[PDB]
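What the coordinates show
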Amino acid sequence: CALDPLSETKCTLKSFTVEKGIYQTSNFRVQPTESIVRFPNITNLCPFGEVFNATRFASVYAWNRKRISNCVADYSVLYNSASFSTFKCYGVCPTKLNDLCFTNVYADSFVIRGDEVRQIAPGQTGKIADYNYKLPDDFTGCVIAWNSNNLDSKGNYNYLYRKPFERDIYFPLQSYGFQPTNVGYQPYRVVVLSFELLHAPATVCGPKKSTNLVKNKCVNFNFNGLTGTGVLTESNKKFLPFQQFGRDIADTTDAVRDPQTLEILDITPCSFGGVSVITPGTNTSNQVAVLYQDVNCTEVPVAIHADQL
Amino acid sequence: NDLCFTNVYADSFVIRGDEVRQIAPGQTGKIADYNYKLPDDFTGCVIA
Amino acid sequence: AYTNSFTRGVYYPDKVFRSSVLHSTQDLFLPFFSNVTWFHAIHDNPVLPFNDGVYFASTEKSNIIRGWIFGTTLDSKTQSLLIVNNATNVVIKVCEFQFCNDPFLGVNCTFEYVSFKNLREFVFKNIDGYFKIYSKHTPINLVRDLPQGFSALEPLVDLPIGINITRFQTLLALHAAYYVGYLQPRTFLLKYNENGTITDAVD
Amino acid sequence: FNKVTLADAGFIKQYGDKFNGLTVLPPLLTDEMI
Amino acid sequence: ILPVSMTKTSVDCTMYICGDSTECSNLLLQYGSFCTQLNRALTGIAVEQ
Amino acid sequence: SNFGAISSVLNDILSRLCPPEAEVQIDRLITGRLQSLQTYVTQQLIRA
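Residues numbered from 1 in each chain as written, not as in the entry; some residues may be left out. Chains lettered and ligands numbered in written order. Part of a larger assembly, values for the part shown. Heavy atoms only, no water.

Notes on the state of the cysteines
A full pass over the atoms with the stated rule returns 9 disulfides over all chains. The disulfide partner of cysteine 89 of chain A is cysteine 142 of chain A, and the S-S distance across this bridge is 2.0 Å. With the S-S dihedral at roughly 100°, the linkage between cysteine 89 of chain A and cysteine 142 of chain A falls on the right-handed side. One end of the pair, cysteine 89 of chain A, is in strand 6 (residues 86-90); the other, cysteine 142 of chain A, is in strand 9 (residues 141-147), with 53 residues separating them in the sequence. For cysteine 89 of chain A, a relative accessible area of 19% translates into the label buried. Judged by relative accessible area, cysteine 142 of chain A falls into the buried class, the value being 0%. Looking at the unpaired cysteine 4 of chain B, the closest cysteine sulfur is the one in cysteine 45 of chain B, lying at 16 Å. (Disulfide = S-S within 2.5 Å. Helix = DSSP H or I, 4+ residues; strand = E, 2+ residues; numbered from the N terminus. Buried < 20%, exposed > 50% of the residue type's maximum accessible area, 1.4 Å probe, protein only.)

Put into structure tokens, the structure is as follows:
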């Protein structure tokens, strides 16, 4: 089906005979494309070396929240770390965190009983989740939890427990009997990373190297974790200085600002299903003509990527 | 017991109990990359 | 005193370019044809509620209005956002301030930042703990009132400060007039032109 | 011909030269042939 | 005054539904001939104008 | 429109998720965008 326009037509029709006519053809042509990557120029490393190694994490009635910002974020080191007994993620899958890139990231951290780790999931119901650490039902983030029975047990009744991300302080306040001989009654340390995916400028971005920028070819791009397959072309769109991206009538992305050089690129999809094949019957000839729908003839090799065909 | 396969393969090995979490089709982690990854469309059983 | 704000107090809802399109958006907006409380800075700066958010404007020839305060108790029990322009640049803090009995500018801490004939318009909102500021400036030729016409306020700065704000006050240079209105959850239809600029709106 | 007009997206935003697979094909008879 | 024709639209249903994603396009093949019969219907409408 | 997916943008789902969950989110967009096209083509056939 990728051989020639008549083969693309025979495969569009699911037929070896083609009757006389003009046929608007489904794509089938081979689509090689090169990756392109872009992120802001920044050199700080994110403080996970503080957050995951602090001498004591907080009690889960009054958990502590750390803002991560303005840094390169090696989530691959966290995900490779032997320290973590479980590493859930929701709205993101952890392998993608090194390609992905965020405005801020919030780490919430505390100690709980090991059986309570199952309650740290989106919109959960239970005697910790419904009372002092509720996650949103639309939470986008990772939950990282491990037994700390070597660190935090003594038991160690200095560890205590009592809406989404709410904090509150007679009180229902209670203590944990953390002793080394306790399997579910162990202390577990936990960190919860919440990702701020808003369309404002990103500041917390994975250690993935920005490529050179390729215009006028079909590329598999990434700008600040916004990906796509498309041709990039520099454009005359008058972005106001606060605007980072541009959208079509469909609200699909039509343009982007490069984060390293503040030029505006239009995006165009590579496919070009705008091909029609003019044929006499295959009983008359295998000769065809091709109509490239509403393109200028000098632009045809660029419209169809004829060097890759 | 109602079913009849063309071949069956038993993959037999030892890991730490905490890492048995990683032996599933959609899973990720150091077992599920550097030494033993299942297909994401795997048909079969995992026994541990 | 009061005055009726016309089509004023509209702002760019997101950091996205759109052009030659009509876009419906739901957000905290000042309603059209709505009463804003009017105060002279010459011949006061009382405390106001913040409600869901604030539209603030000053009509000027003098730069007497120079800053703002936001918080809950405003008495060092908790963080309070202080914003001042020092006549060279903007300076911002969220410290546990113990403010004066009648605050003015002479002619613990966490977050900090450093950067009638005219009308200066600003919007303050505090969604998800992000204190978002929007801005616009224009010439005018009226001492009494806001102009009957449209211009969209564009982002000044965004501060991830997390304060549970419920109260507000302005700051004056002492040894001009200003207007206060409250934002409300409203659907607006916005008219983005070829230059990606919001040129009109429907409440 | 002056009394019928376009103001649509599109239709006019495409026809005045959108790329989400949608296209407008020309008629076979041009208005000069009609 | 009588209507005689309408605008001859064509929608590439793979680029509408899947937007140049190969991952989506492989999932859209599991719906079979829904996409080709949408293109067939709009082609019949367009030729009829 | 989302049609019940995490995002209406097909490239968000592909840049954020791995295949086992990305295919569940994309299938909501495929189902709703295919229904959106069937509704358009049906009403264009009646209008034609």
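Describing helix 3 (residues 34-48) of chain E
A rise of 1.5 Å per residue sets the reference length of helix 3 of chain E, with its 15 residues, at 21 Å; its end C-alpha atoms lie 21 Å apart and thus fit the reference within 8%. Those residues of helix 3 of chain E not exposed but buried are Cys35, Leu38, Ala41, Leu42, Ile45 and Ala46 of chain E. Each buried residue of helix 3 of chain E lies within a common arc of 135° when the element is viewed along its axis, so the set occupies one face. Facing away from the buried side of helix 3 of chain E by more than 90 degrees, the exposed set consists of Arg40, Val47 and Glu48 of chain E. The elements touched by buried residues of helix 3 of chain E are strand 1 (22-25) of chain D, strand 1 (8-11), helix 1 (13-18) and helix 2 (22-28) of chain E together with helix 2 (19-47) of chain F. (Expected span 1.5 Å × (residues − 1). Arc of directions from axis to C-beta. Contact = heavy atoms within 4.5 Å.)

Here's the deal with the nonpolar core
Most often, soluble globular proteins keep nonpolar side chains buried together rather than apart. Residues and elements named next belong to chain A. With 49 residues, the main nonpolar core has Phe48, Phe52, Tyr75, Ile120, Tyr133, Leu193 and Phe195 as its most contacted residues. Listing elements by their share of this core, those giving two or more residues are helix 2 (48-51), helix 3 (75-80), strand 6, strand 8 (105-113), strand 9 and strand 12 (187-195). Sort the elements by how many residues they give to this core and strand 12 lands first, with 6 residues. The residues touching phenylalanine 52, leaving out its near neighbours within four places in the chain, are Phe57, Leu78, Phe84, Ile144, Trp146, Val191 and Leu193. (Core = buried A, V, L, I, M, F, W, Y, C linked by side-chain atoms within 4.5 Å.)

Observations concerning the side chain of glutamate 116 of chain A
Residues and elements named next belong to chain A. Looking at the secondary structure, you find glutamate 116 in the loop between strand 8 and strand 9. For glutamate 116, the side chain forms a polar contact with the main-chain nitrogen of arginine 113, separated by 2.9 Å. Sequence-distant contacts of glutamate 116, that is, excluding residues within four places in its chain, are made with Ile128 and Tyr176. (Polar contact = N/O pair within 3.5 Å; in protein donor to acceptor, adjacent residues only side chain to side chain.)

With respect to the pattern of salt bridges
A full pass over the atoms with the stated rule returns 28 salt bridges over all chains. One salt bridge connects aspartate 130 of chain A with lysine 134 of chain A, and the closest N-O pair in it is separated by 2.8 Å. Judged by relative accessible area, which is 18%, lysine 134 of chain A ranks as buried. Residue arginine 144 of chain C is joined to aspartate 145 of chain C by a salt bridge in which the shortest nitrogen-to-oxygen separation is 2.8 Å. The network of salt bridges with common partners includes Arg56, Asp152 and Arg189 of chain A. (Salt bridge = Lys/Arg side-chain N within 4 Å of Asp/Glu carboxyl O.)

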